[PDB]
$ cat coords-v6.txt   # compact mmCIF, C-alpha atoms and all ligand atoms
# COMPACT_ATOMS: atom_id res chain seq x y z
CA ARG A 1 -26.17 12.11 -6.65
CA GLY A 2 -26.39 8.66 -4.99
CA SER A 3 -29.26 7.14 -7.02
CA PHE A 4 -29.17 6.07 -10.71
CA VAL A 5 -31.83 3.39 -11.14
CA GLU A 6 -31.73 3.63 -14.94
CA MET A 7 -28.03 2.48 -14.95
CA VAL A 8 -28.28 -0.37 -12.48
CA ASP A 9 -27.75 -3.76 -14.13
CA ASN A 10 -26.59 -2.15 -17.46
CA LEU A 11 -23.67 -4.59 -17.79
CA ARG A 12 -23.79 -8.12 -19.17
CA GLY A 13 -21.20 -10.76 -20.00
CA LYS A 14 -20.32 -14.43 -20.10
CA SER A 15 -17.65 -16.01 -17.92
CA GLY A 16 -14.26 -15.44 -19.41
CA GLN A 17 -15.52 -12.94 -21.98
CA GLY A 18 -15.67 -9.71 -19.97
CA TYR A 19 -18.36 -7.17 -19.16
CA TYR A 20 -20.06 -5.08 -21.83
CA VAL A 21 -22.43 -2.12 -21.98
CA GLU A 22 -24.90 -1.27 -24.79
CA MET A 23 -23.97 1.84 -26.80
CA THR A 24 -25.12 3.59 -29.95
CA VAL A 25 -23.02 5.16 -32.63
CA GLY A 26 -24.17 7.40 -35.50
CA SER A 27 -27.38 8.87 -36.88
CA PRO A 28 -29.65 7.08 -37.01
CA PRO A 29 -28.28 5.18 -34.00
CA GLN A 30 -26.50 1.90 -34.52
CA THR A 31 -26.62 -0.36 -31.41
CA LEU A 32 -23.44 -2.22 -30.40
CA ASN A 33 -22.30 -4.04 -27.27
CA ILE A 34 -18.99 -2.67 -26.03
CA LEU A 35 -16.49 -4.17 -23.56
CA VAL A 36 -15.83 -1.90 -20.61
CA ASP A 37 -12.07 -1.52 -20.20
CA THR A 38 -10.45 0.65 -17.54
CA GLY A 39 -7.07 -0.58 -18.83
CA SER A 40 -7.03 1.26 -22.17
CA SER A 41 -8.12 4.58 -23.61
CA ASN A 42 -9.49 4.04 -27.14
CA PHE A 43 -13.06 3.64 -28.23
CA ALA A 44 -12.69 1.11 -31.03
CA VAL A 45 -15.42 -0.84 -32.81
CA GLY A 46 -15.65 -3.55 -35.46
CA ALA A 47 -16.46 -1.83 -38.77
CA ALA A 48 -16.29 -4.75 -41.18
CA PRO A 49 -17.87 -8.18 -41.38
CA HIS A 50 -15.48 -10.20 -39.28
CA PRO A 51 -17.04 -13.69 -38.73
CA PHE A 52 -16.96 -13.51 -34.93
CA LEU A 53 -19.10 -10.31 -34.91
CA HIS A 54 -22.84 -10.08 -34.30
CA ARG A 55 -22.85 -6.69 -35.92
CA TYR A 56 -20.49 -3.89 -36.82
CA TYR A 57 -20.43 -0.16 -37.32
CA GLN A 58 -21.47 0.83 -40.89
CA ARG A 59 -20.16 4.37 -41.29
CA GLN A 60 -21.93 4.76 -44.64
CA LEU A 61 -25.27 4.69 -42.86
CA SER A 62 -24.48 7.55 -40.46
CA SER A 63 -25.18 11.12 -41.49
CA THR A 64 -23.06 12.47 -38.63
CA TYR A 65 -19.82 10.55 -39.24
CA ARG A 66 -16.78 12.78 -39.75
CA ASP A 67 -13.61 11.29 -41.19
CA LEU A 68 -10.32 12.20 -39.51
CA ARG A 69 -8.36 10.89 -42.54
CA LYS A 70 -5.91 9.12 -40.26
CA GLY A 71 -5.37 5.47 -39.42
CA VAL A 72 -4.00 3.68 -36.37
CA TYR A 73 -2.28 0.29 -35.96
CA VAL A 74 -2.53 -1.10 -32.42
CA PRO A 75 -0.48 -4.13 -31.45
CA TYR A 76 -0.86 -5.88 -28.09
CA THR A 77 1.19 -8.68 -26.52
CA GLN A 78 -1.09 -11.09 -28.35
CA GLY A 79 -2.93 -9.79 -31.42
CA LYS A 80 -3.73 -6.40 -32.78
CA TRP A 81 -6.19 -4.18 -34.44
CA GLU A 82 -5.94 -1.58 -37.16
CA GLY A 83 -8.52 1.05 -37.89
CA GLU A 84 -9.60 4.32 -39.34
CA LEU A 85 -10.21 7.29 -37.11
CA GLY A 86 -13.23 9.53 -37.16
CA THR A 87 -15.89 11.11 -34.98
CA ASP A 88 -19.58 10.46 -34.62
CA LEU A 89 -22.44 10.86 -32.16
CA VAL A 90 -22.38 8.36 -29.32
CA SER A 91 -24.93 7.51 -26.59
CA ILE A 92 -25.25 4.98 -23.79
CA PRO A 93 -28.96 4.03 -23.73
CA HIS A 94 -28.82 2.74 -20.12
CA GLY A 95 -26.70 5.72 -19.09
CA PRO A 96 -26.99 9.47 -18.97
CA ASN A 97 -29.56 11.08 -21.30
CA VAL A 98 -26.88 12.80 -23.36
CA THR A 99 -25.32 12.34 -26.78
CA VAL A 100 -21.76 13.34 -27.46
CA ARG A 101 -19.34 13.62 -30.35
CA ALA A 102 -16.61 11.14 -29.66
CA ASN A 103 -13.59 9.75 -31.43
CA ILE A 104 -14.17 6.29 -32.85
CA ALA A 105 -11.62 3.86 -34.30
CA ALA A 106 -13.37 1.85 -36.97
CA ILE A 107 -11.61 -1.49 -36.88
CA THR A 108 -10.95 -2.73 -40.41
CA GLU A 109 -8.50 -5.60 -39.66
CA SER A 110 -7.83 -7.56 -36.46
CA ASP A 111 -6.09 -10.58 -35.07
CA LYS A 112 -6.83 -12.33 -31.74
CA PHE A 113 -8.88 -9.34 -30.65
CA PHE A 114 -12.53 -10.32 -31.01
CA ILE A 115 -13.66 -13.47 -29.14
CA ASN A 116 -15.44 -16.25 -31.08
CA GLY A 117 -18.80 -16.71 -29.36
CA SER A 118 -18.81 -13.43 -27.44
CA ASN A 119 -21.57 -10.85 -27.66
CA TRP A 120 -19.45 -7.69 -27.89
CA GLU A 121 -18.23 -5.84 -30.98
CA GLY A 122 -15.94 -3.10 -29.63
CA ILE A 123 -14.04 -1.80 -26.64
CA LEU A 124 -14.55 1.31 -24.50
CA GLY A 125 -11.21 2.46 -23.10
CA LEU A 126 -11.96 4.43 -19.94
CA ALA A 127 -8.40 5.32 -18.96
CA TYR A 128 -6.56 8.52 -19.76
CA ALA A 129 -5.25 10.14 -22.95
CA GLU A 130 -1.62 9.45 -22.05
CA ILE A 131 -2.15 5.87 -23.18
CA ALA A 132 -4.44 6.56 -26.16
CA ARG A 133 -3.18 5.40 -29.54
CA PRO A 134 -1.74 6.88 -31.67
CA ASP A 135 -1.02 9.57 -29.11
CA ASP A 136 -2.50 11.74 -26.35
CA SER A 137 -4.21 14.16 -28.74
CA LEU A 138 -6.86 11.51 -29.42
CA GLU A 139 -9.36 12.46 -26.74
CA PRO A 140 -10.83 9.42 -24.91
CA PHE A 141 -14.57 8.94 -24.81
CA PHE A 142 -14.99 9.85 -21.12
CA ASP A 143 -13.04 13.07 -21.58
CA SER A 144 -15.38 14.04 -24.45
CA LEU A 145 -18.41 13.12 -22.37
CA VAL A 146 -17.35 15.37 -19.47
CA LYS A 147 -16.19 18.22 -21.76
CA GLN A 148 -19.48 18.34 -23.72
CA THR A 149 -22.08 17.71 -21.02
CA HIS A 150 -22.80 18.32 -17.32
CA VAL A 151 -22.05 14.65 -16.44
CA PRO A 152 -19.74 14.71 -13.38
CA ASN A 153 -16.17 13.51 -13.90
CA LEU A 154 -16.50 10.08 -12.31
CA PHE A 155 -17.88 6.63 -12.92
CA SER A 156 -18.23 3.51 -10.85
CA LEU A 157 -18.24 -0.20 -11.65
CA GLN A 158 -19.85 -3.12 -9.95
CA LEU A 159 -18.78 -6.34 -11.64
CA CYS A 160 -20.85 -9.32 -10.45
CA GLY A 161 -19.09 -12.58 -11.14
CA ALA A 162 -20.18 -16.17 -11.67
CA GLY A 163 -20.37 -19.55 -9.93
CA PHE A 164 -21.64 -23.08 -10.73
CA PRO A 165 -24.34 -24.17 -11.42
CA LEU A 166 -23.62 -21.40 -15.89
CA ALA A 167 -25.40 -18.06 -15.56
CA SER A 168 -24.38 -14.91 -17.43
CA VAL A 169 -22.34 -12.32 -15.54
CA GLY A 170 -23.59 -8.78 -15.03
CA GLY A 171 -23.22 -5.61 -13.04
CA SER A 172 -23.54 -1.89 -13.28
CA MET A 173 -21.62 1.01 -14.71
CA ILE A 174 -22.78 4.17 -13.03
CA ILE A 175 -21.78 7.08 -15.26
CA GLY A 176 -21.40 10.44 -13.51
CA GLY A 177 -21.98 9.15 -10.00
CA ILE A 178 -22.37 6.55 -7.31
CA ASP A 179 -25.37 4.37 -6.41
CA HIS A 180 -25.26 3.52 -2.69
CA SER A 181 -27.40 0.37 -3.10
CA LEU A 182 -24.47 -1.28 -4.89
CA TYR A 183 -22.23 -1.57 -1.83
CA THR A 184 -22.23 -2.10 1.90
CA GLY A 185 -20.06 -0.42 4.52
CA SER A 186 -17.96 2.58 3.66
CA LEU A 187 -15.94 3.51 0.61
CA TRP A 188 -12.19 3.79 1.24
CA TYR A 189 -10.14 5.77 -1.28
CA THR A 190 -6.65 5.30 -2.69
CA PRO A 191 -4.90 7.99 -4.77
CA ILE A 192 -4.56 7.71 -8.53
CA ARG A 193 -0.76 8.03 -8.63
CA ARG A 194 -0.62 9.29 -12.21
CA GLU A 195 -3.37 9.78 -14.79
CA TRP A 196 -2.48 7.28 -17.54
CA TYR A 197 -3.66 3.86 -16.50
CA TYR A 198 -5.66 3.94 -13.23
CA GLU A 199 -2.42 3.55 -11.36
CA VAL A 200 -2.40 2.88 -7.60
CA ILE A 201 0.17 1.92 -4.95
CA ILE A 202 0.00 -1.37 -2.99
CA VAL A 203 1.81 -1.09 0.38
CA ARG A 204 1.38 -4.53 1.93
CA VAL A 205 0.21 -7.98 0.83
CA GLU A 206 -1.10 -10.75 3.09
CA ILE A 207 -2.21 -14.38 2.45
CA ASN A 208 -4.63 -15.41 5.19
CA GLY A 209 -3.31 -12.56 7.34
CA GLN A 210 0.33 -13.52 6.85
CA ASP A 211 2.45 -10.72 5.44
CA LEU A 212 4.63 -11.71 2.50
CA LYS A 213 7.16 -9.21 3.93
CA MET A 214 8.67 -8.13 0.61
CA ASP A 215 10.10 -4.68 -0.13
CA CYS A 216 6.87 -2.97 -1.05
CA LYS A 217 8.42 -1.59 -4.29
CA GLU A 218 8.22 -5.18 -5.54
CA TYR A 219 4.42 -4.99 -5.36
CA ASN A 220 4.33 -2.08 -7.78
CA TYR A 221 7.17 -3.12 -10.14
CA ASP A 222 6.81 -1.39 -12.55
CA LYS A 223 3.23 -0.27 -11.77
CA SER A 224 -0.05 -1.40 -10.26
CA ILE A 225 -3.33 -0.73 -12.04
CA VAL A 226 -7.06 -1.28 -11.78
CA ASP A 227 -8.18 -3.01 -15.00
CA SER A 228 -11.71 -4.22 -15.85
CA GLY A 229 -10.39 -5.51 -19.20
CA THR A 230 -8.18 -8.20 -17.63
CA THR A 231 -9.56 -11.27 -15.93
CA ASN A 232 -6.67 -12.21 -13.64
CA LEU A 233 -5.03 -10.74 -10.62
CA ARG A 234 -1.60 -10.42 -12.19
CA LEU A 235 1.38 -10.04 -9.81
CA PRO A 236 5.00 -9.14 -10.56
CA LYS A 237 6.95 -12.36 -11.03
CA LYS A 238 8.85 -12.16 -7.75
CA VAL A 239 5.69 -11.37 -5.89
CA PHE A 240 3.79 -14.10 -7.62
CA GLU A 241 6.46 -16.66 -6.51
CA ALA A 242 6.09 -15.60 -2.92
CA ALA A 243 2.30 -15.44 -3.04
CA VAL A 244 1.84 -18.83 -4.67
CA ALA A 245 4.36 -20.47 -2.27
CA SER A 246 2.25 -19.03 0.54
CA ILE A 247 -1.10 -20.03 -1.00
CA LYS A 248 0.15 -23.62 -1.63
CA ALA A 249 1.35 -23.86 1.95
CA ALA A 250 -2.04 -22.61 3.26
CA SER A 251 -3.97 -25.08 1.11
CA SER A 252 -1.62 -28.03 1.70
CA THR A 253 -4.37 -30.26 3.22
CA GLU A 254 -5.06 -31.10 -0.44
CA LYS A 255 -2.36 -31.44 -3.08
CA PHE A 256 -2.66 -30.07 -6.61
CA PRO A 257 -0.42 -30.49 -9.63
CA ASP A 258 2.23 -27.78 -10.01
CA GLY A 259 0.69 -27.01 -13.41
CA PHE A 260 -2.55 -25.89 -11.76
CA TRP A 261 -0.73 -23.06 -9.96
CA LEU A 262 0.91 -21.94 -13.21
CA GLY A 263 -2.41 -21.79 -15.07
CA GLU A 264 -1.24 -24.72 -17.29
CA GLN A 265 -4.10 -27.01 -16.37
CA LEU A 266 -7.49 -26.93 -14.71
CA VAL A 267 -8.57 -28.58 -11.49
CA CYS A 268 -12.06 -30.07 -11.22
CA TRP A 269 -14.16 -31.28 -8.30
CA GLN A 270 -17.35 -33.27 -8.00
CA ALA A 271 -20.22 -30.79 -8.36
CA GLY A 272 -21.06 -28.85 -5.18
CA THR A 273 -17.90 -30.16 -3.42
CA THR A 274 -15.46 -27.29 -4.11
CA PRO A 275 -13.40 -27.06 -0.88
CA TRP A 276 -13.39 -23.25 -0.56
CA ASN A 277 -12.30 -23.45 3.10
CA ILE A 278 -8.84 -24.84 2.34
CA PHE A 279 -7.99 -21.84 0.15
CA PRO A 280 -6.72 -18.63 1.77
CA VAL A 281 -7.95 -15.07 1.45
CA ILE A 282 -5.78 -12.51 -0.34
CA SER A 283 -5.37 -8.99 1.10
CA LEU A 284 -3.93 -5.96 -0.59
CA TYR A 285 -3.30 -2.88 1.49
CA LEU A 286 -3.55 0.27 -0.53
CA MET A 287 -2.16 3.73 0.09
CA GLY A 288 -4.79 5.80 1.86
CA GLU A 289 -5.85 9.41 1.58
CA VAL A 290 -3.92 10.63 4.65
CA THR A 291 -0.22 10.55 5.52
CA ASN A 292 0.75 7.19 7.07
CA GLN A 293 -2.76 5.84 6.60
CA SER A 294 -3.76 2.79 4.54
CA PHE A 295 -6.72 0.44 4.19
CA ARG A 296 -7.07 -3.14 3.00
CA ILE A 297 -9.22 -5.00 0.52
CA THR A 298 -9.62 -8.77 0.87
CA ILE A 299 -10.86 -11.28 -1.75
CA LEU A 300 -11.79 -14.95 -1.56
CA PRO A 301 -11.04 -18.07 -3.57
CA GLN A 302 -14.49 -17.49 -5.11
CA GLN A 303 -12.84 -14.60 -6.90
CA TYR A 304 -9.49 -16.13 -7.86
CA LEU A 305 -10.69 -19.67 -8.76
CA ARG A 306 -12.62 -19.07 -11.97
CA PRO A 307 -15.28 -21.55 -13.14
CA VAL A 308 -14.59 -22.93 -16.62
CA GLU A 309 -17.88 -24.17 -18.10
CA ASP A 310 -16.95 -25.16 -21.68
CA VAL A 311 -14.97 -28.32 -20.85
CA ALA A 312 -16.13 -31.25 -23.04
CA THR A 313 -13.26 -33.38 -21.56
CA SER A 314 -14.90 -33.56 -18.11
CA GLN A 315 -18.28 -34.03 -16.38
CA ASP A 316 -17.33 -32.15 -13.15
CA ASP A 317 -17.00 -28.51 -11.78
CA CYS A 318 -13.67 -27.26 -13.30
CA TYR A 319 -11.68 -24.18 -12.23
CA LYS A 320 -8.76 -22.10 -13.43
CA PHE A 321 -6.36 -20.46 -11.02
CA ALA A 322 -6.52 -16.81 -11.96
CA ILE A 323 -3.58 -15.32 -10.09
CA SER A 324 -0.68 -15.12 -12.48
CA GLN A 325 2.81 -13.76 -12.92
CA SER A 326 3.35 -10.52 -14.76
CA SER A 327 6.02 -8.47 -16.44
CA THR A 328 3.79 -5.41 -16.66
CA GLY A 329 3.25 -4.87 -12.91
CA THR A 330 0.26 -5.68 -10.76
CA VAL A 331 -3.02 -5.89 -12.62
CA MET A 332 -6.08 -5.76 -10.40
CA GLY A 333 -8.40 -7.38 -12.91
CA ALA A 334 -11.84 -8.85 -12.47
CA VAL A 335 -10.47 -11.21 -9.81
CA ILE A 336 -10.11 -8.11 -7.61
CA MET A 337 -12.95 -5.98 -8.98
CA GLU A 338 -15.61 -8.64 -8.60
CA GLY A 339 -15.26 -8.31 -4.82
CA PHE A 340 -15.96 -4.59 -4.75
CA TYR A 341 -17.82 -1.60 -5.87
CA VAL A 342 -15.09 0.50 -7.45
CA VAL A 343 -15.41 4.24 -7.83
CA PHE A 344 -13.19 5.91 -10.42
CA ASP A 345 -13.23 9.41 -8.92
CA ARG A 346 -11.39 11.20 -11.66
CA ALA A 347 -12.42 14.65 -10.34
CA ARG A 348 -10.45 13.96 -7.12
CA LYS A 349 -7.73 11.69 -8.56
CA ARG A 350 -8.74 8.78 -6.38
CA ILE A 351 -10.23 5.27 -6.54
CA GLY A 352 -12.81 4.15 -3.96
CA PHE A 353 -13.40 0.56 -2.86
CA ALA A 354 -16.38 -0.74 -0.95
CA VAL A 355 -17.65 -4.27 -0.39
CA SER A 356 -19.87 -5.22 -3.35
CA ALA A 357 -23.51 -5.99 -2.62
CA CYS A 358 -23.37 -8.66 -5.39
CA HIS A 359 -20.04 -10.38 -4.78
CA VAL A 360 -19.78 -14.18 -4.62
CA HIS A 361 -18.97 -15.58 -1.20
CA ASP A 362 -20.08 -18.28 1.26
CA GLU A 363 -21.46 -18.62 4.81
CA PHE A 364 -17.98 -18.42 6.46
CA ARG A 365 -16.15 -15.62 4.58
CA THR A 366 -16.94 -12.42 2.65
CA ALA A 367 -14.86 -9.92 0.73
CA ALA A 368 -13.81 -7.00 2.93
CA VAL A 369 -12.66 -3.36 2.88
CA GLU A 370 -11.25 -2.35 6.25
CA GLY A 371 -9.33 0.62 7.69
CA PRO A 372 -7.59 2.63 8.91
CA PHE A 373 -4.19 1.04 9.30
CA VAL A 374 -0.92 2.70 10.21
CA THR A 375 1.61 2.20 7.40
CA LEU A 376 4.83 4.18 7.24
CA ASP A 377 7.03 4.97 4.19
CA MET A 378 4.24 4.29 1.70
CA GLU A 379 5.70 6.75 -0.84
CA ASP A 380 8.72 4.41 -1.08
CA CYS A 381 6.41 1.67 -2.44
CA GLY A 382 6.08 3.48 -5.78
CA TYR A 383 8.44 2.42 -8.57
CA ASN A 384 10.26 5.18 -10.56
CA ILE A 385 11.48 4.89 -14.17
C1 LIG A 401 -7.03 -3.59 -24.90
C2 LIG A 401 -6.96 -4.78 -23.94
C3 LIG A 401 -7.94 -5.85 -24.31
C4 LIG A 401 -8.70 -6.44 -23.36
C5 LIG A 401 -9.64 -7.42 -23.67
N1 LIG A 401 -10.35 -7.98 -22.61
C6 LIG A 401 -11.03 -9.16 -22.56
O1 LIG A 401 -11.15 -9.93 -23.50
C7 LIG A 401 -11.61 -9.51 -21.26
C8 LIG A 401 -12.00 -10.82 -20.99
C9 LIG A 401 -12.51 -11.14 -19.75
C10 LIG A 401 -12.54 -10.13 -18.78
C11 LIG A 401 -13.08 -10.39 -17.48
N2 LIG A 401 -13.50 -10.57 -16.42
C12 LIG A 401 -12.10 -8.85 -19.12
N3 LIG A 401 -11.67 -8.57 -20.33
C13 LIG A 401 -9.76 -7.84 -25.00
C14 LIG A 401 -8.97 -7.26 -25.97
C15 LIG A 401 -8.06 -6.28 -25.63
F1 LIG A 401 -7.30 -5.72 -26.57
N4 LIG A 401 -7.33 -4.21 -22.63
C16 LIG A 401 -6.73 -4.58 -21.53
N5 LIG A 401 -7.08 -4.02 -20.34
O2 LIG A 401 -5.77 -5.48 -21.40
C17 LIG A 401 -5.43 -6.25 -22.57
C18 LIG A 401 -5.52 -5.35 -23.78
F2 LIG A 401 -4.58 -4.33 -23.63
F3 LIG A 401 -5.18 -6.08 -24.93
NA NA A 402 -18.87 19.15 -18.05
NA NA A 403 -24.68 1.00 0.76
$ encode --input "coords-v6.txt" --output "structure tokens"
Amino acid sequence: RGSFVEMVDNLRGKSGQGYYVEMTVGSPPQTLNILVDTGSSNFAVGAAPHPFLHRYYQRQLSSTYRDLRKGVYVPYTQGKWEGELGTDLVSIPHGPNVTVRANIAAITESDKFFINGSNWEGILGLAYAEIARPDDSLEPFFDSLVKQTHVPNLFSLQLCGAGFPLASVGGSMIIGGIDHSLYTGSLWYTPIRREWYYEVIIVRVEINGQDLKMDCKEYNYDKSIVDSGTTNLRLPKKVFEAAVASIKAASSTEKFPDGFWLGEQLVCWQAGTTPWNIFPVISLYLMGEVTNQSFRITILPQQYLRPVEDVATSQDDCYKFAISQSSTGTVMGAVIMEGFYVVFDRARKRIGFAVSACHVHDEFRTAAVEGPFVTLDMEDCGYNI
């Protein structure tokens, strides 16, 4: 409890390519790097020689592979994978000293799934069975881990982002606990509304302290989730309109092309001259643990202006605006998570936020987690189908 030195710094990544953990599958163990995704619930790995892959799971080499004789086809908004289901022995070398029998989708065909130039070969879906494919009888990895071992039913993520001048990203996934060195201040908890995605309720939104003043249902239309497998802070379309209008207004000392705000083009500045000061902070108030109580998390432009390194077109420091409109609800992606240590307290159906000890900031502003606030009618903020 509180100290897990063996798991600290067990995540790696490259800007724009996500955060992965080393895992082993099979007997003898095959090592793979696996994207950590709190926005899905399948453990799925490359199992054939796709050209983007550094390596892939070779089931024929594992003495402990058990075939489920069942396939799954998994389409996403863009791209898809198809695989064959089975079980095998799985470990996380920089994790708990346990080995468990987990479901594994051996990916045999894919499209726009793997990233050319990335160093990961599969995905670890850490969300709940309700969103597992093909259905909720396919037990997620974390559920198997907790069922088969004494590992406590929680994990925490510290995602440490990037800045110019371009280093790899990193962080820590603490499995079965919390490491107090990874944050400062106190943890503040918000309820997991429903166990499917890591669904939460946003009750107020401010841009540099100025409330957008929308019906709070709009903030959670049709849901709000905490998602390590998405880069952007995605906002429902109506909310995005309001937020960007407000952010533009706050930054109006400099003018940027409309396309920049829509993620249609980059903006670049002479190296070391990024004008962070002109950009506002973004605050989300989350439903608290107690009736009529909330707390707020605040991120900086260092989180939502993402460095883009691979730009042959330009010699300068180029950035993408990583707040974007959504039709799937609010997605608190890496843009949010990189500000915080985030505790997925599954045992107590709650998500904790604390200021990350590694987050990117400057001399004038830091990311923040502050409470309590008085917020009435927070249960009305939830959207119902
Ligand atoms: C399953 C999936 C998914 C995510 C990824 N995710 C990434 O590539 C990725 C890239 C950068 C960062 C950062 N920072 C996080 N994730 C890749 C393939 C998927 F298939 N997970 C998800 N949370 O939303 C999109 C998705 F549903 F499509
Ligand atoms: Na257990
Ligand atoms: Na601390």
$ closest_residue --input "coords-v6.txt" --among "A:188, A:164, A:198, A:142" --to "ligand LIG 401 (chain A)" --atoms "all atoms listed in the file"
A:198
$ closest_residue --input "coords-v6.txt" --among "A:183, A:383, A:141, A:81" --to "residue 368 (chain A)" --atoms "all atoms listed in the file"
A:183
$ residues_near_ligand --input "coords-v6.txt" --ligand "ligand NA 403 (chain A)" --cutoff "6 Å" --atoms "all atoms listed in the file" --output "list in words"
residues 180, 181, 183 and 184 of chain A
$ residues_near_ligand --input "coords-v6.txt" --ligand "ligand LIG 401 (chain A)" --cutoff "6 Å" --atoms "all atoms listed in the file" --output "MDAnalysis selection string"
chainID A and resid 16:18 37 39:40 76 113 227:231 334
$ write_last_selection --input "coords-v6.txt" --atoms "C-alpha atoms" --output "PDB file, keeping the file's coordinate frame"
ATOM      1  CA  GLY A  16     -14.260 -15.440 -19.410  1.00  0.00           C
ATOM      2  CA  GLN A  17     -15.520 -12.940 -21.980  1.00  0.00           C
ATOM      3  CA  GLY A  18     -15.670  -9.710 -19.970  1.00  0.00           C
ATOM      4  CA  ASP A  37     -12.070  -1.520 -20.200  1.00  0.00           C
ATOM      5  CA  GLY A  39      -7.070  -0.580 -18.830  1.00  0.00           C
ATOM      6  CA  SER A  40      -7.030   1.260 -22.170  1.00  0.00           C
ATOM      7  CA  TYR A  76      -0.860  -5.880 -28.090  1.00  0.00           C
ATOM      8  CA  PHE A 113      -8.880  -9.340 -30.650  1.00  0.00           C
ATOM      9  CA  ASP A 227      -8.180  -3.010 -15.000  1.00  0.00           C
ATOM     10  CA  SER A 228     -11.710  -4.220 -15.850  1.00  0.00           C
ATOM     11  CA  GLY A 229     -10.390  -5.510 -19.200  1.00  0.00           C
ATOM     12  CA  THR A 230      -8.180  -8.200 -17.630  1.00  0.00           C
ATOM     13  CA  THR A 231      -9.560 -11.270 -15.930  1.00  0.00           C
ATOM     14  CA  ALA A 334     -11.840  -8.850 -12.470  1.00  0.00           C
TER      15      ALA A 334
END
$ closest_residue --input "coords-v6.txt" --among "A:23, A:335, A:124, A:68" --to "residue 94 (chain A)" --atoms "all atoms listed in the file"
A:23
$ atom_distance --input "coords-v6.txt" --atom1 "CA of residue 384 (chain A)" --atom2 "CA of residue 223 (chain A)"
9.0 Å
$ residues_near_ligand --input "coords-v6.txt" --ligand "ligand NA 402 (chain A)" --cutoff "7 Å" --atoms "only C-alpha atoms and all ligand atoms" --output "PyMOL selection string"
chain A and resi 146-152
$ atom_distance --input "coords-v6.txt" --atom1 "CA of residue 52 (chain A)" --atom2 "CA of residue 338 (chain A)"
26.8 Å
$ closest_residue --input "coords-v6.txt" --among "A:171, A:263, A:75, A:176" --to "residue 343 (chain A)" --atoms "all atoms listed in the file"
A:176
$ residues_around --input "coords-v6.txt" --residues "region 363-367 of chain A" --least-positions-apart "6" --cutoff "7 Å" --atoms "all atoms listed in the file" --output "ChimeraX atom specification"
/A:298-300,339,355
$ closest_residue --input "coords-v6.txt" --among "A:132, A:173, A:122, A:336" --to "residue 235 (chain A)" --atoms "only C-alpha atoms"
A:336
$ closest_residue --input "coords-v6.txt" --among "A:266, A:381, A:354, A:178" --to "residue 200 (chain A)" --atoms "all atoms listed in the file"
A:381
$ residues_around --input "coords-v6.txt" --residues "residue 108 (chain A)" --least-positions-apart "6" --cutoff "10 Å" --atoms "all atoms listed in the file" --output "list in words"
residues 45, 46, 47, 48, 49, 50, 71, 81, 82, 83 and 84 of chain A
$ residues_around --input "coords-v6.txt" --residues "residue 221 (chain A)" --least-positions-apart "2" --cutoff "9 Å" --atoms "all atoms listed in the file" --output "number ranges by chain"
A: 217-219, 223-224, 236, 327-330, 382-384
$ closest_atom_pairs --input "coords-v6.txt" --of "region 169-286 of chain A" --to "region 369-376 of chain A" --cutoff "10 Å" --atoms "all atoms listed in the file" --output "CSV"
residue,atom,partner,partner_atom,distance
A:184,CA,A:369,CA,9.7
A:185,CA,A:369,CA,8.1
A:186,CA,A:369,CA,8.0
A:187,CA,A:369,CA,7.9
A:188,CA,A:369,CA,7.4
A:203,CA,A:375,CA,7.8
A:204,CA,A:375,CA,8.7
A:283,CA,A:369,CA,9.4
A:284,CA,A:369,CA,9.7
A:285,CA,A:373,CA,8.8
A:286,CA,A:375,CA,9.7
$ atom_distance --input "coords-v6.txt" --atom1 "CA of residue 96 (chain A)" --atom2 "CA of residue 34 (chain A)"
16.2 Å
$ residues_near_point --input "coords-v6.txt" --point "(-4.7, -3.0, -13.6)" --cutoff "6 Å" --atoms "all atoms listed in the file" --output "PyMOL selection string"
chain A and resi 224-227+331-333
$ residues_around --input "coords-v6.txt" --residues "residue 89 (chain A)" --least-positions-apart "2" --cutoff "9 Å" --atoms "all atoms listed in the file" --output "number ranges by chain"
A: 24-27, 29, 64-65, 87, 91, 99-103
$ residues_around --input "coords-v6.txt" --residues "region 302-315 of chain A" --least-positions-apart "5" --cutoff "9 Å" --atoms "only C-alpha atoms" --output "MDAnalysis selection string"
chainID A and resid 15:16 161:164 166 232:233 266 268 270:271 276 320:323 334:339 359:362
